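Quick one: structure below, then a few questions.
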Amino acid sequence: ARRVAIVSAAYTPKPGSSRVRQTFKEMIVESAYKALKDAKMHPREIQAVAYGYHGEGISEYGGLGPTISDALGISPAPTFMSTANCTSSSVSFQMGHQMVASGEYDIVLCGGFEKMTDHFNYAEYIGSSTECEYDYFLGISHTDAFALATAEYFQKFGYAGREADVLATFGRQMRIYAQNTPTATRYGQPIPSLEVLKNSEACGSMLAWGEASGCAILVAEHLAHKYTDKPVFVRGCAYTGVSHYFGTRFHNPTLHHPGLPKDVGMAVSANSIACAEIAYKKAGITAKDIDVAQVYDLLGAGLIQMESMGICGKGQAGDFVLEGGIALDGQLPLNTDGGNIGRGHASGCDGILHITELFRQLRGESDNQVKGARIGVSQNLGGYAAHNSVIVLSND
Amino acid sequence: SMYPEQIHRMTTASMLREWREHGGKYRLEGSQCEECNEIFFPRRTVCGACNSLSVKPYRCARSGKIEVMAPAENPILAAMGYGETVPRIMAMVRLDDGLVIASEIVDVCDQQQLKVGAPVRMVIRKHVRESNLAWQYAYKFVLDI
Amino acid sequence: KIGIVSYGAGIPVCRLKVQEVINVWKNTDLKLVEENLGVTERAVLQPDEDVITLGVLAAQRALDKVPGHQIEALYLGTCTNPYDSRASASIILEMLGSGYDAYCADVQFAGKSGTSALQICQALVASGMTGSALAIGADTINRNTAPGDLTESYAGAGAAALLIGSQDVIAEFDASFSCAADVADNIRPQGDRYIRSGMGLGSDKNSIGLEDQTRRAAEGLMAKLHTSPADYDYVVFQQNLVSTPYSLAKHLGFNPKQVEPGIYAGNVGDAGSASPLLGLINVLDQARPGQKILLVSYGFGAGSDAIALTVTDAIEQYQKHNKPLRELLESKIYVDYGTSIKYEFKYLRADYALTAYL
Amino acid sequence: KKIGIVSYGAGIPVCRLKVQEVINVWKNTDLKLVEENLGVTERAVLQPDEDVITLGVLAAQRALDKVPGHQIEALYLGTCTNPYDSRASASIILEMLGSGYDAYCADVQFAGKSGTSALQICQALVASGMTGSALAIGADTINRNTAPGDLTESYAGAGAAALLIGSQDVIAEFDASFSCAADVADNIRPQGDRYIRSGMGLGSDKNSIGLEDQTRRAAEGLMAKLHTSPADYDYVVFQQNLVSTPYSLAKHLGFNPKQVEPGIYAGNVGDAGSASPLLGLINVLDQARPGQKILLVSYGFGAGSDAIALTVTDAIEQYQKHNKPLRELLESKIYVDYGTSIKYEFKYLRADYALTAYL
Amino acid sequence: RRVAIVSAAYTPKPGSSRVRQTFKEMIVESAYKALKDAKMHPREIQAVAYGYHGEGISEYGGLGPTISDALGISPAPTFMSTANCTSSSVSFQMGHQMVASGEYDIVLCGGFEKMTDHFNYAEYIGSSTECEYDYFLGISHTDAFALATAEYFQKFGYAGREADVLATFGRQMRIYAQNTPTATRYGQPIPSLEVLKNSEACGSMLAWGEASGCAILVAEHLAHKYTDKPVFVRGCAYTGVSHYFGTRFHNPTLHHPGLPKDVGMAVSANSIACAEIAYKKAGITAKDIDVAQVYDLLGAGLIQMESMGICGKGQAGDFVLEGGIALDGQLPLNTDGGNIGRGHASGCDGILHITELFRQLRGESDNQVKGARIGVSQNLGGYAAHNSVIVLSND
Amino acid sequence: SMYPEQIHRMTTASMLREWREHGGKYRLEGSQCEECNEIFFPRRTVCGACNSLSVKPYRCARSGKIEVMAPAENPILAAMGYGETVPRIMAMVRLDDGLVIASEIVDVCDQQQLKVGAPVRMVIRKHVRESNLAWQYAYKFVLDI
Amino acid sequence: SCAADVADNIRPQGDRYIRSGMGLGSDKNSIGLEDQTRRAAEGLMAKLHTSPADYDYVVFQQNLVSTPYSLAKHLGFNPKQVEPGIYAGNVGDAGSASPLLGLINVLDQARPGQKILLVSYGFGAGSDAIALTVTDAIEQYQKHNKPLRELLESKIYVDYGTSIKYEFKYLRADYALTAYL
């Protein structure tokens, strides 16, 4: 039960931009060897790796563990794989933390990647990670769930007449964060006006698809002094899983948790509340301790996560976003690197993208820096809350 | 075609998958527990609430109302076999017995009639063709008006 | 006393106005198709509809009148069958979930497949091999009609299911008479998608096939029953067009009052095997007890089925709570010719599709 | 009065192709497996000028020749390899027989059980008194609808059988029947496809979900209706795509091999399709004595099954006194190499539009 | 801290197919049977480590939450492992770290393979190599083992005894499986040696089937509540090497001291390295081993016994020919029948090894090594692309 | 076919995969490290021995000897696109530079000449057709005498 | 070079098989094979002011072994000028490679200074005529070279069933579930 610290974290820049020239093996080496350089450590010093991608159906490449190890040239160091939608990296990070905390491995590398251009149309493939017999094979995409989830939230929480404004305000705030973050895909672009964003596609809340690989180096606490001046520790993390089927959100007898709201729906993610409550208790903090956070953003799905994370009351996330509360001077800065709207989004690499910005935030290195930040939390979901990962990081 | 050269395909579906799911897709069959009478859909082997192995097939209510709906008009997200109909009306259907089914609404005679909470009934329709050339049939929902 | 216990019908909602087909192809006169033939619009099969989809709907609607019915026999009559090997009636039986132990097969003889399957079910119940039987006549003529064909403007689809039994009969089965021959007026060889004509469309083609077999079957049943056209309150013919029953009536000695109750295809077109059965449904929907009905259907490659019915007094209690076929035909969606060709998969697209739009 | 089979006839192609000829070309299966376990040493080849209607009318005519001056009241053709997808092929055979025009006519299709399904329909017509007699035909050209290189190509064949149901001079009485069906797409052919396709890899796993289940359900269902056990029946007849299949089903259903052997015929014919259960019944009827009890159970994929029980009457002795046995008919055979067989059954990928015969 | 296995079970006859049940039903069968053996309620599980070949078989991806809901343990997390034949071997090592880290006290570890959901599962198998240079070129895993067998016998002068060695190895698996009730080849008569030499693959061909298996891991101090005789985990090692079959002969990427200069397919450099790391971590040498489990297919068993340190380079054939892997032999191998006799589901294979060792250390195996205090599982994925060595002792 | 209904396919290969690998598959290009002069195949970004990112492409020797061979005669293990040639002769080819390639032998004119240590040369042949309908070509080996 | 619209053999777009515009025979050869070949050769010789007797070797289209000899007899070339170029006795119609493969077999035995006349025929219809002179460098070239004839000795025999199978001439399923299903 020893402490684990993050000595380094890096990912390929512009994750919302495709990297059609390099193979996924080239892409993975790039992010890892840049992170190893930051930690002043040799690649041979890694004793094992926990990596993650969507599944063998994209690049038609299965059992990827040994190929990753050989690609990095750390053979015979093992590589542990995780295939869990957008939380593939978040689960790979949690796996690596358990590998170092167990004392079986002293230095581990945890990352995720998504090389979507290897598939002709990657958007059709995505649905293969659900209750495929009753949704994928029926023509139900993952984007459908987020579209319906956004609809139920606005409709049952009295946001009629303000739906376009809330989505555009969140999307605009993501552009503002991403304009000055050099690793963001929307970096350097002008900020569209609020009225322009409401007329754009998905009212400005559509994410930027792309490709990226990222990784973070975890080391035992006593070994951390050799590799980093300012280490970031892991207070606590939780991972939870419920049925992939979208219908079970409203009716979930399998899920067992206390205090869950009676009116569970797509707008009120029951699994997301459970995962947050487990992680907070395990990390020894309440929601009032978070100085900066990172959530999965797509249409109104960001609003649902803020309420499940305890940032604001049920039905209040929209008004919170409208009041500039997730701005840098707002009550809680949210997705300070630009999020999936501005930074970009690769499903396999999403978890590391969250840790990296939180990692930079707790070391004062973020481009939009929360003054005196001590606690950083990453909220991530796979599928539609079928997976859910909440990770808590502190700087001291 | 004219050159019968086999083309590479990683995954070919066996008839067994849909054969075991004829009850679930054709007749909207879920599962009910004998101890606590809790109902689920899709079918499951283990009860969730009391965690009993004793679970039996259950015919879900074929009538229901629309809990939430969202049109699918984006052509980038058009799936093979479903690109002919634009737009597809995705909706979560709250059946009469309380269960919620994720499906789509078809045969919208009156656009004004379709709204949140409108009554619908289950129908059987054609879906994407199987990888083994067999026609796939499964449920959809139409407005019960 | 064995006859029809209940019935149900299935119709596609999408409609294509006849003028749309003429403006693209310009292959026939609009006045002839609308006024002489009597079809102003036809039903468009959606991408997710076929014989089984429409068929199981009509079967489910017939069985809903008899709750908890156990299926003892199910015969699917279709010439546009989705499977050339293996029976689709097995799939419909699975969808109904009313039991596995049942006589099951696919009957096919062009437009008389529906009635031919009705004769199967009648024989099973009358011979005591089963206590009840389900007959389904369905066809997707619009799917199996080539673009540019003269008959494209009035090719449609439909399904009709009738449950044969001895309990609570609404229309008795008095007797039947059937005939056949080798008259290649219309043929679809194995592997062909589209039904093709054996000769030019016209009165000459109707006299040797449609009118010949219909007259022989109708006469054969009437002579067996010692009845004349004047004894029947309604007559029901094959109804690829509205003109076909009226034209057949004048040829057979029936009056227009005897045909009009069966006319339904003004906005549907050629429903294939279902047209004689859908016409019977439109008649049974407003019939009074005791009335006599004569049904004669025509299937090409030709033969004909003649069936005589008597409406029982139980028809009153049946119609009290039921949706008539005329009301079912009110629900319609309109599409242009471009959409109709897309829905019915009549664009020459790539054999192997990489993505849906590529 | 008792209603049952009055006469029967069969039509089988004369061309034969040794199984080894197919294996040497494709090398896709073990020769010992097919010849010894499966029991097919050679299969029937379809000539260019014969098909379902050719074999059907030949089988139909041969049965009607036993009843001179007969008038046809109903004719049903049961086949899953139908030459016409629209219009009834049975109407053509009716015209060829020239024994009457006024007859109940249709095409019945349910894979391998189309023959018995048509047999059941003819029985219902006569027993219900809707007709005085009825003619049922089970025919198929499986070899024509089996692709080259298919695992089942080496034992794919063709054949036709016809049975006359009547109430006068019955040689085999029709006691009772039982049928079941389900959606088990173990083998399927969609509309427009020429070749029958499999739903899963061949094996005992594929057999257990379709062939074994539907045959067992139909058999046990019928025997419970008559309150009889496997020991009551003198002969049993199953689907006979392979010689191994009737034996395997008997072992599964509890019939000793002696009840199966009289029905075996397909050692040199291969999969005869819808005619295999009827052809097996014919080889039984050629040698049966009066009083013997026959249990026939058929199988059609996309699965359903038909079970029928028969009793042999005293008229069988007069019938076979002047009759050609099916076993005698199976001796007439012409052998071809694989090259000729592919040419005869139109399996070479030739030009869509042919200017001359060889150009 | 120490972890102990309180129960381990798998669906019977793994070499035979279960076409009637879905993969969810199959996973629940082994899981809830294992819970009954350990006298523990299913809601007591805090996390799961399961494994399957890949999302391509049943077209089911992101399987974690589906497993948790299938078992009815939500919101308990399920950590997925997709690493060829060692999917269960890798997943067991994942659960060991979850319990040893203290983040979870009770963890369920297993694997499954539902091969019948794929029309032709064999041609899909190659999807887990260096796909561009072997899968897409028509080179399968089965090609690798056939070549490796050919190089072994040819490099070590076994010419003329190849059919005898494979049949002797194969027949020993048949003899072991006959009295093992859960084995697929259970209760069958023993074919003669000469019959096996003329049979397919000289009798060394494995039995393809489907199965689900699982084992319960619990912290040492909690183990006494659930079982009377727990089995501990001395040490485990996992190593990764290039999937490409050519790299066995020339792999400067693999850095491990003391490797023989004649590395190839007959001498697995990765399997030696993995064995040495596990033996050091468990604090035992090869002479300590009382019973072992290998991935048996063609002569791959022979190579694995040598890489495991049981016999010198080239002795396995002569070792097997001298009846060394028999029950009375110096070291019994695959006492449950192995992949040839028990059967094998690729994802489920790691648990199939552990269960027999788990049973052997408790004196419960049908072919029981008397006084076995240690058991070792050798498992490989691809052709030694993965290699997993787990050491279990009862003291 | 005559019914152009989309058929389900989970994976459709992008042309990018084979595009980046033309050097490896057409020209047998591996990787060579500049600092320590070690060569590998297939191509790689990181050198294994010295762990330097300075790596460059390398044209492997297209001649070599047969190190070990095994016929593939089993029809159960026949893969789509490769079922026409039976039996395929699988072989490990020790290139003249010391590297080992896994491929197959074709064009066996004389059976007696095919034994271990026989000299072979690389040739370009057609392989399984791509999921994107593009023909696929890659290397094979024939006896070099 | 010369050309015209003579549809003696055509393959329309989307057709796999080459089709004949008329029945095979000497009449079909005169309007296409014989006309265009004569026109191109006579046109070239008139440009070069040479006669058939000046060339040591002549190379024609070699769909068949008979075609160059018959064309030579027609155009006035004695057999010895043709025989070196013949190779297709065991190959068949090699298509576009037949004039080039004939030249290779000639160059394998040619001496410096010898004159070669190559006239090829492509249906549909057209003919290309090319005249060559052998340089002194051929002697050095042939010192280390595998001749065409030696390469043509390597062959593997198959029956008709396999040949049809190898060339994908069986009518198989459009969509193949497995290799043999």
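In order of appearance the chains are A, B, C, D, E, F and G, and numbering begins at 1 in each one.
As a working rule, a contact is a pair of C-beta atoms (placed from the backbone, for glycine too) under 8 Å apart; a residue touches a chain by one contact, two chains touch by 3 or more.
The chain pair with the larger count of C-beta pairs in contact, out of C-D and A-B, is C-D.
Chain-level centrality, scored on Cα centres against the all-protein Cα centre, points to B.
Once the centre of each chain is set as its mean CA position, chain A and chain E turn out to be 35 Å apart. The mean-CA centres of chain A and chain D are about 63 angstrom from one another, to the nearest whole unit. Put simply, the C-alpha centre of chain A and that of chain F have 39 angstrom between them.
Between chain B and chain C the centroid-to-centroid distance comes to 29 Å (mean Cα coordinates, whole Å). Each of residues 1-3, 5-8, 10-13, 17, 48, 75, 78-83, 128, 131-133, 136 in chain F touches at least two other chains.
Counting partners per residue, chain G has 165, 168, 170-181 as the residues that reach two or more other chains.
Along chain A, residues 44, 57, 59-60, 70, 73, 75, 120-121, 124, 128, 131, 137, 248, 252, 254-255 each make contact with two or more other chains. Contact between chains, per the stated criterion, is found for A-B, A-C, A-E, A-F, B-C, B-D, B-E, B-F, B-G, C-D, C-F, D-E, D-F, D-G, E-F, E-G, F-G. Listing the residues of chain E that touch chain F in their complex gives 56, 59, 120, 122-123, 126, 130, 132-134, 136-140, 142-144, 146-147, 149-151, 154, 244-254, 265. Interface of chain G with chain F (complex): residues 154-156, 165-166, 168, 174-176, 178-180.
The residues of chain G lying in touch with chain D in their complex are 15, 17, 19-20, 23-24, 159-162, 164-165, 168-173, 177-181. Only residues 10-11, 17-18, 21, 24-25, 38, 40-42, 44, 47-49, 67-70, 72, 74, 76-77, 79-82, 88, 90-92, 94, 98-104, 116, 127-128, 136, 138 of chain B touch chain A when the two sit together in their complex. Those residues of chain G whose C-beta lies close enough to touch chain B in the complex are 16, 168, 170-179.
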